[PDB]
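In the form deposited in one PDB entry, a lone chain appears below as structure tokens.
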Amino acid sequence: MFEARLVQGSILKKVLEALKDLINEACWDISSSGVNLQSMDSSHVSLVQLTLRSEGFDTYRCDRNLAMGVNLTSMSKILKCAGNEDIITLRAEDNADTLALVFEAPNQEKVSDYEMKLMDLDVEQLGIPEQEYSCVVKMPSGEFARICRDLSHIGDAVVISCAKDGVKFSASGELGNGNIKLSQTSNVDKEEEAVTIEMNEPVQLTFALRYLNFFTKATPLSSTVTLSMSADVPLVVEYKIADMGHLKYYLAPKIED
């Protein structure tokens, strides 16, 4: 018997939008420590991991661990019937091939009850060696998404390069070429819309912008985003879900060596 309520159900809406276009089915692992999701897209180029921990919820309860397999498009369609002010409760029996989503207006006598049919999944967790990255660029989220969307119009691939003083995104195509140079905010120390870099090692790598512009569906979740990069390893784009945990997109580089 699983029950999770959020007074601020906006977050659930945002997650599903951040996900629905990159992946279409995924298995939501529920346990008493909270909610966990790891699924790959159709071309196994990108991987997403979602952690919402139990303490973030206003009400959490998980008698027996669950792996519920969820059509994410179905789920987003339902979640678009919730208001941003709505209080959202998730409920599912031990077995039950169904998930209930309940949405209540804080401040009106309106209550919505949706029963989402689940699906038989069984994915198989990949394992994510946890490690140190040559570069970690923390910047504003709107900005990263502006950069990804603009350079799309130049080319199909972006080359991201990092040293101690800033990062640069480059791209090429029929049109021409272009480079955007972002520099470490020297204001910093206690600033909000900054750019800060943990370079240990110059990196320079190359990713498809298609997947990057899927990741920036996550923008509404946090004012700020981080890119972790190292020589021969997928890139991590991370959005912190204030007070609950995080969404991490992982992306396999383009390479010829």
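Note that residue numbering follows the sequence shown and begins at 1. Rigid core here is just the name for the largest C-alpha set that superposes within 1.5 Å across the two forms. Only residues modelled in both forms are compared.
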Please report whether at least a third of the other compared entries leave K190 without coordinates. yes
Quick one: higher average CA temperature factor, 229 to 237 or 8 to 16? 229 to 237
Look over 157 to 165 and 81 to 89 in the entry and identify the one with the greater average Cα temperature factor. 157 to 165
Residue with highest C-alpha B-factor in the PDB entry, from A26, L212, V48, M199: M199
Entry record, C-alpha B-factors for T73, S141, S170, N187; the maximum is at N187
Chain thirds of CA B-factor: placement of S42: lowest
Sorting by Cα B-factor within the chain, modelled residues only, which third would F57 end up in: lowest, middle or highest? middle
Splitting the chain's C-alpha B-factors into thirds, which one does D150 fall into? middle
Once the chain's modelled residues are ordered by C-alpha B factor and cut into thirds, is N36 in the lowest, middle or highest one? middle
Sorting the chain's modelled residues by C-alpha B-factor, tell me whether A96 ends up in the lowest, middle or highest third. highest
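Keep in mind that the form deposited in another entry is not shown, yet the notes after this line are about it.
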The residue to pick from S172, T73, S112, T185, given a Cα shift of 2 Å or more between the shown form and the other one after core fitting, is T185
Align both forms on the core first, then report whether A194 has a C-alpha shift of 2 Å or more between the shown form and the other one. yes
Moved runs of 3+ residues, each with a C-alpha displacement of 2 angstroms or more between the shown form and the other one on the rigid core: 184 to 194
